[PDB]
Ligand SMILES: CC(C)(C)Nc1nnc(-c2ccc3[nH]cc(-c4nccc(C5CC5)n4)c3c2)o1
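Here we start with a single chain on its own, the form solved without the ligand, put down as structure tokens.
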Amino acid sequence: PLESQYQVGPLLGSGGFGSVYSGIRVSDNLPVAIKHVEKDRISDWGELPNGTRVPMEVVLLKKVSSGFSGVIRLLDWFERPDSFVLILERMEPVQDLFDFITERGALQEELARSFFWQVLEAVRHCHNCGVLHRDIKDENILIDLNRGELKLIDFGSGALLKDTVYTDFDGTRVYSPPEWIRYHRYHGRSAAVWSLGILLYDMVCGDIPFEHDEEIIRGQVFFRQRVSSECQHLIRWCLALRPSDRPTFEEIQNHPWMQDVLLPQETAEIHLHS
């Protein structure tokens, strides 16, 4: 087939993730994202069940694609001499959480709860599929502005989920845990929960709590916005300095602040004016 299956549109962005274009599958007018990744700029490689050399990102995306659409799913991929082209789902209208927070500032707790809850369901789905994202942050979360549904993107810093220690890391440092800063060692789940604490603080305060290594290691969270005591508690639990003092996903989702969550469509009607 080749590249007659997709009509290329405007470039949506570029960076550490490659170059991502807006596209449309010619067969059924479905919106898609066309991500180009240069072979020379890739570091983590893997293999597909059928014995073929591909970027780890494709390995991981394939393992999480299907039914529960909490992750932007991989529809197809191609190999060129110097790059890999990935065809992904695309939402329209859409906005990432970083830009959303830039425009609107600190989110009301009701909205932050619906969003965080959806992120939690999406990360559980990844772990269930044997995948560790390793770069959970607002830039890697997209919002369906009509449906109020969030979707996790960019598995370029991810890894297969394991129960042993990780000694490599190439995600975002200000979202990285103290055990990584001090010892260059972490376990997947507890490191994920720490990033989720940074993300929740970021949603309810309008910015991340720590910028410097010294601040991450000290682990003291100061609040700049009015935030309920139950919400502050959940953030500080997720940001416990000892990994084993952090909650599991189940404990996060059963926490008092996480009760009575709005469904995505309700969330959009109240807060996205849709």
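Quick note: we count residues from 1 along the sequence shown, nothing fancier.
From this point on, the text means the form deposited with the ligand bound, which you will not see here.
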| item | value |
| --- | --- |
| The ligand contact in the deposited bound form: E89, any heavy atom under 4.5 Å | yes |
| Distance check, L12 to the ligand in the deposited bound form, heavy atom within 4.5 Å | yes |
| Partner proximity in the deposited bound form: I252 to the ligand, non-hydrogen atom cutoff 4.5 Å | no |
| 4.5 Å heavy atom contact, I153 to the ligand in the deposited bound form | yes |
| Per-stretch contact check against the ligand in the deposited bound form, the hit in 176-184, 93-101, 159-167, 117-125 (non-hydrogen atom, 4.5 angstroms) | 93-101 |
| In the deposited bound form, the residue from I216, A33, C238, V227 that sits within 4.5 Å of the ligand by heavy atoms | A33 |
| Proximity to the ligand in the deposited bound form, single hit among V193, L142, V131, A112 (heavy atom within 4.5 Å) | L142 |
